[PDB]
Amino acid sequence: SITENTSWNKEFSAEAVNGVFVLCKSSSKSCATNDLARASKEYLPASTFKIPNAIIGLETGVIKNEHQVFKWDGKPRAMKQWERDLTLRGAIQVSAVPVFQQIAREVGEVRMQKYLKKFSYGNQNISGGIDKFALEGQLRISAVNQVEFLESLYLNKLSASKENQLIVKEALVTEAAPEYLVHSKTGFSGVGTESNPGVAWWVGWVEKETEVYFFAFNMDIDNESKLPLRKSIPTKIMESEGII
């Protein structure tokens, strides 16, 4: 069950933003959202795919363990902040595309499909190059699906060892307060055209008191200066809900 919530609309209007926020308390069986339709509309996951990809890499042996260091080969990378040795969390936090491209390559097409079928991850479409399906390929996932996936990860219910799920879960911690804990991941497919904009994500969950809140946010974006919004809107909503 997904229920529309009209009071969150002000945060999208003030910023003139076409997006959606899904927020589920305790479990994914009853979620609230500003837009029923968009909540289940599937977009390029981009860097949010680093979550399932981190689990898959661990399950397949490609990523050797928790303390694996992804070494830089000295060859130029698209961002300067990727041009260094990286940990799992490190690669996840700076969104180190080439690190995860190489992981994806070594997983291979067969195993990638197998695990995305297991995880019920989006349209499960990995076609159009193994190193680029989540960024420019055919893979599509919705905010509701991102939410169901993360709850499985939280509860250790994914088709993977609890060990490997815990490893990724720690790699996802972005905010630690005395009151609450935040696990989250950003995505950004690019700017695209004005007619066909890119997509920006912020997905994750919050552990406050003895309660859990699962969340996923996406929005249309044609200008990178609007990027901070992918965190500020869902944060503003969750702050006014008393969550963070």
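Each residue number is its position in the shown sequence, starting from 1.
Engineer: Tell me which stretch has the larger mean Cα B-factor in this entry, 225-233 or 5-13.
Structural biologist: Stretch with the greater average CA B-factor: 5-13.
Engineer: Between 34-42 and 204-212, which has the higher average C-alpha B-factor in the PDB entry?
Structural biologist: Looking at the recorded C-alpha B-factors, 204-212 comes out higher on average.
Engineer: Which has the highest CA B-factor per the PDB entry: 189, 60, 195, 68?
Structural biologist: Answer for 189, 60, 195, 68: 195, with the highest C-alpha B-factor.
Engineer: Name the residue from 73, 151, 106, 170 with the greatest C-alpha temperature factor listed in the entry.
Structural biologist: Highest CA B-factor of the listed options: 73.
Engineer: Quick check for you: using the entry's CA B-factors within this chain, is residue 132 in the lowest, middle or highest third?
Structural biologist: Ranked within chain, residue 132 CA B lands in the middle tercile.
Engineer: Comparing against every modelled residue in the chain, figure out the third that the C-alpha B-factor of residue 176 lands in (lowest, middle or highest).
Structural biologist: Its C-alpha B-factor, which the entry lists for residue 176, ranks in the highest third among residues of this chain.
Engineer: Where does the C-alpha B-factor of residue 99 rank in its chain, lowest, middle or highest third?
Structural biologist: Lowest third.
Engineer: Considering only modelled residues of the same chain, in which third does the CA B-factor of residue 183 rank: lowest, middle or highest?
Structural biologist: For residue 183, the deposited C-alpha B-factor lands in the middle third.
Engineer: Can you work out whether the C-alpha temperature factor of residue 111 puts it in the lowest, middle or highest third of the chain?
Structural biologist: Answer is lowest: the recorded C-alpha B-factor places it there.
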